[PDB]
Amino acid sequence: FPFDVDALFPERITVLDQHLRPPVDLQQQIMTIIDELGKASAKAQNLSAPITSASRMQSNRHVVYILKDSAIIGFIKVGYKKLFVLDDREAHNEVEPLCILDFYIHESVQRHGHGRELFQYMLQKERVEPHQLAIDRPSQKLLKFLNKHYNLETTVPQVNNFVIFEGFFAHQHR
């Protein structure tokens, strides 16, 4: 970026929401960051359009955890979503689990443990176990990621594009 990232983000992991409320012509600096991060994740995921942007973060109830170091390394975006989830008895149930919506580590530093670092921090602040999560179209990398770090192995295939794991049916999800 053309800005003092460390001045804007003093902390290693910055937690932001619909209010890009800085840790205001730098609340616009936050925007440019979210906007570029989202496009980078799109290119990495072979998406024609980003699923993360400033315009959209403002229009939703999503939380982004931005990772920096001592230059933005990556991010993970989460949110609670009303999903009507298929169980093992072909029954659909309304739940509101915490969902992983976007997740990106810059290519140069992928597979250095930064994903886990960002993921553990999110799990701690959100106070959730990995098996309570629903994931929006997990990539092959994310599936191996989740299996190594948390022993997550896919359960009942959904008809929506979310994926849940063995253990999901244990919480009430509000």
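If you superpose the two forms and keep the largest set of C-alpha atoms that fall within 1.5 Å, you have the rigid core. All residue numbers refer to positions in the sequence shown, first residue = 1.
- Here 97-105 and 81-89 are scored by the root mean square distance of their C-alpha atoms in 5 other deposited structures of this protein, with each structure fitted by the rigid core; the higher score goes to 81-89.
- Farther from the shown form on average, by C-alpha root mean square after a core fit in 5 other deposited structures of this protein, is 151-159, of the stretches 14-22 and 151-159.
- Where coordinates are absent for parts of the deposited sequence, a chain break appears; between neighbours residue 10 and residue 11 there is no such break.
- The entry shows a gap from residue 70 to residue 71, with 4 to 9 unmodelled residues of the deposited sequence in between.
- As the entry records it, the average C-alpha temperature factor is higher for 14-22, out of 156-164 and 14-22.
- Averaged over Cα atoms, the B-factor as recorded in the entry is higher for 127-135 than for the other of 127-135 and 101-109.
- In the deposited coordinates, the residue among 148, 116, 61, 141 with the greatest CA B-factor is 61.
- Per the PDB entry, 29 shows the highest C-alpha temperature factor of the residues 29, 46, 120, 53.
- When the modelled residues of the chain are ordered by their C-alpha B factor, residue 81 lands in the middle third.
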